[PDB]
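Before any questions on binding or motion, here is one chain by itself as structure tokens, the form solved without its partner chain.
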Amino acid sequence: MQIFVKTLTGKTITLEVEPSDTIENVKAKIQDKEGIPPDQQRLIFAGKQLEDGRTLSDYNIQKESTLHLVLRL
């Protein structure tokens, strides 16, 4: 399946993922497509920040869902 990751700036990114993927797996996929260090990444889904070590399904994130990327920087 596939989801969208949206920075605050506006830039959108499409990711191909499995519901089994951990938040770390996803932060890693972003570091690839956008060279950001996963320690700088804070992912947010429907107002909740995604906690490390849990999976997309644990959050009921389904195909075409939208996460926002915030940064610690």
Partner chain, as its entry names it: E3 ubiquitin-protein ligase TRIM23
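Positions refer to the first chain, counted from 1. Residues that one form lacks are left out of the comparison. Superpose the two forms; the largest set of C-alphas matching within 1.5 Å is the rigid core.
Trainee: Using only C-alpha atoms and the B-factors in the entry, which stretch averages higher, 7 to 15 or 55 to 63?
Mentor: The deposited B-factors put 7 to 15 ahead on the C-alpha mean.
Trainee: Mind pulling up the entry and telling me whether 43 to 51 or 29 to 37 has the higher mean Cα temperature factor?
Mentor: Per the PDB record, 29 to 37.
Just so it is clear, the following notes concern the form solved in complex with its partner chain, a form of the same protein that is not shown.
Trainee: Mind listing which residues of 20 to 49 have a heavy atom within 4.5 Å of its partner chain in the bound PDB entry?
Mentor: Contacts from 20 to 49: 32, 33, 34, 35, 36, 37, 40.
Trainee: Which consecutive stretches of at least 3 residues differ between this form and the one not shown by 2 Å or more at every CA, rigid core held fixed, listed in sequence order?
Mentor: Shifted segment: only 7 to 9.
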